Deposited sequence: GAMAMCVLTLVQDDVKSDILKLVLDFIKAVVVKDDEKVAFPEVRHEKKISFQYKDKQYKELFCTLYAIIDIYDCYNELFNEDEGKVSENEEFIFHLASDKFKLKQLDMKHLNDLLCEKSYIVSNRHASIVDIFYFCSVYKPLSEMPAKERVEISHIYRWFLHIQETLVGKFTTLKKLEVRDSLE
């Protein structure tokens, strides 16, 4: 069970955090996680390349579709919707969507879900990390909601696997 990751990209960060999620929330053994220039995962007979094939293999192996997807709120539709837009946007956020991210979070603890962190939160967390990390205090106060939420994800999902340093 070895998962190999890149080290400059948010696709790897997502995968590390999902694992932290799997342990934080769900739960047997866990992947090795070595480093390389490209993303891969080999399990038993099979082999998987890229984030998405990798992601689904991971979710499949840990049975954790419902928890990451808010199946129990029928917000599955909405989770892959959010995470599909983002991976096609190449994980970049424009001010306009930063603003609307910040509105969602005024009145919700999590981006899609009511109850708990889902796959949408893990995706947006690693995407905003650097555009939030490299930031001035005066500006955040515009996105104080994204800020409050970022810290809640950081102090609750982050564990051994994630290497991103605390803000």
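The deposited sequence has C-alpha coordinates everywhere except the stretches 1-5, 33-37, 178-184.
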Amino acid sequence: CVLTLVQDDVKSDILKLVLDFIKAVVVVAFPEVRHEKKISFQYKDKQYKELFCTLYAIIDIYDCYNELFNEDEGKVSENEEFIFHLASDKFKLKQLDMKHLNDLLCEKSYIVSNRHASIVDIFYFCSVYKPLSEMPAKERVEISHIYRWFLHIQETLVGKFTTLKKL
From here on, numbers count along this sequence of modelled residues.
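With 56-64 and 31-39 compared on mean CA B-factor from the PDB entry, the stretch scoring higher is 31-39. Remark: stretch with higher mean C-alpha B factor among 102-110 and 46-54 is 46-54. Among the modelled residues of the chain, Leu93 sits in the middle third by CA temperature factor in this PDB entry.
In the PDB entry, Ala137 places in the highest third of its chain by CA B-factor.
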